[PDB]
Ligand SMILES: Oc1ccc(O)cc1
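Taking the form solved without the named molecule, here's one chain by itself in structure tokens.
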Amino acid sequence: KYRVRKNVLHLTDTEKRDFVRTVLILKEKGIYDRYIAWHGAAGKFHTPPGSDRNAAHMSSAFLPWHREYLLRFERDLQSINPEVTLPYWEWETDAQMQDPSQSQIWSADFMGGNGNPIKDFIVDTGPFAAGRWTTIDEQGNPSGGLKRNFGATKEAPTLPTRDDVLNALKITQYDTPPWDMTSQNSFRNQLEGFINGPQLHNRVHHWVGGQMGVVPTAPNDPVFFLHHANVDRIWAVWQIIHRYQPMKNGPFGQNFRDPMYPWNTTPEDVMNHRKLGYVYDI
């Protein structure tokens, strides 16, 4: 319970400072990249081979897989600075502002601005400007800087609304067969964003564009973790009123007690975020 993830808009200037600062040590030491590669590899790992499913997406493992990813990440954050926790970007309310692109979250004193078209959309403001922050594609080779493109598509021109979220929290079943994209009536698939997609989680990705728009190169952007803290919390919160599928008869690595490549972690090991050691602002 006793470790609290706040709303970014609740953070003090010293917190945003410690966060942004602590994240650079991790990039520096070489531990942040481990997180990029785990996530990339999880996405190549299809369950089973020949399937749309992969270990970390497009199935029930989506939520636990990412829960453990953050938990593992936040612990590393702690080792550097014990006073730091993982914040959440509450995109669903940024979505109401006349111009979400203006949300404090994008301040040069935290993550940084939208991409600079004049530089083919390389972000050139904030701590993760190209030059200060290296990035790497899918082949696992340097790529030359973070690129953002706030609502540049037509598929995802806007962030998800409070009603998109509220309407997901209403789903009875954590997940249903066939435990994939085409999963009807399943809190998992809905939050993820495939029902009339992209929505919710998926939509946030496409909206930011840049690396974030591609699963193979999403963690290259720290927003990735703020986005997923909010996803995690949506679930966390779901978990109080409805408080997993499948248990068995899912593909291997989708069941309650299966291992989640690239780890030996199981859905069950992280079903109670408090037993993990952290809570949200609520």
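From 1 onward, residues are counted along the sequence shown.
Unshown form deposited with the named molecule bound; subsequent notes refer to it.
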Even though the named molecule is not shown here, does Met212 get within 4.5 Å of it in the entry with it bound, heavy atoms only? yes
Heavy atom of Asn202 within 4.5 Å of the named molecule in the entry with it bound: yes
Distance check, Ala218 to the named molecule in the entry with it bound, heavy atom within 4.5 Å: yes
At the 4.5 Å heavy atom threshold, is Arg53 in contact with the named molecule in the entry with it bound? no
Should the three residues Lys27, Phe128 and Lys147 be counted as contacting the named molecule in the entry with it bound, with contact defined as a heavy atom within 4.5 Å for each? no
Which one of these stretches, 138-146, 170-178, 79-87, 204-212, sits within 4.5 Å of the named molecule in the entry with it bound when only heavy atoms are counted? 204-212
